[PDB]
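In structure tokens, one chain follows: the form deposited in one PDB entry.
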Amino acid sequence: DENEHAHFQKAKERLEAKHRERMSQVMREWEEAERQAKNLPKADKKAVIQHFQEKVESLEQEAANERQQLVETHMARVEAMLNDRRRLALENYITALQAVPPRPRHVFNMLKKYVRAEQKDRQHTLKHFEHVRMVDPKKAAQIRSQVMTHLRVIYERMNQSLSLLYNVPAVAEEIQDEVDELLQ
């Protein structure tokens, strides 16, 4: 999850290096084209400029394509890993609550891992959405709904899991304070 974000930044940089690379040989080609067009007419010259401007435009388009694709796949993998990570954490938490006798510290640790999984998912979804919002405001307004509902779910699923803590008030009391630190 943090392995794939180290795997995301990597692929992200390779993509940049790759782009900046193709972009450099285009400006390079542009030059020899300018020197070679040294003895050609103006018309053929005004057209050599358009050719390379369109060439650069195409490169930019592709880089943008690769980025979006990379991010999409990234969102898919992470969403799968985070849900999986949450489920397992929710299980250990519930199992902890049903312990006989219930162990406060153990319940908390399990609860902590769970809150962090939910918080990780929320923060992750928020960060990526805010990225698009900052870069492409109009695009962000498209996925806006699909993104807020997601956050609404995570929030409700966590609060619902937190309240399970009241089925064992003695434990809830003994760790209430530490739980607050967690939620802040």
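Start at 1 with the first residue shown and count on from there. For clarity, a rigid core is taken as the largest C-alpha set superposing within 1.5 Å between two forms.
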item	value
Mean C-alpha temperature factor, higher of 52 to 60 and 140 to 148	140 to 148
Greater mean Cα temperature factor according to the PDB record, 35 to 43 or 131 to 139	35 to 43
Residue, from 26, 117, 126, 70, that the PDB entry assigns the highest Cα B-factor	26
Within-chain third of residue 162 by Cα B-factor, per the entry	lowest
Residue 11 - Cα temperature factor, lowest/middle/highest third of chain	highest
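Not pictured, yet referred to below: the form deposited in another entry.
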query	finding
Residue 153: Cα shift of 2 Å or greater between the shown form and the other one (core-aligned)	no
Yes/no, residue 115 Cα shift of 2 Å or more between the shown form and the other one with rigid core fixed	no
Core-aligned C-alpha movement of residue 71 between the shown form and the other one, 2 Å or more	yes
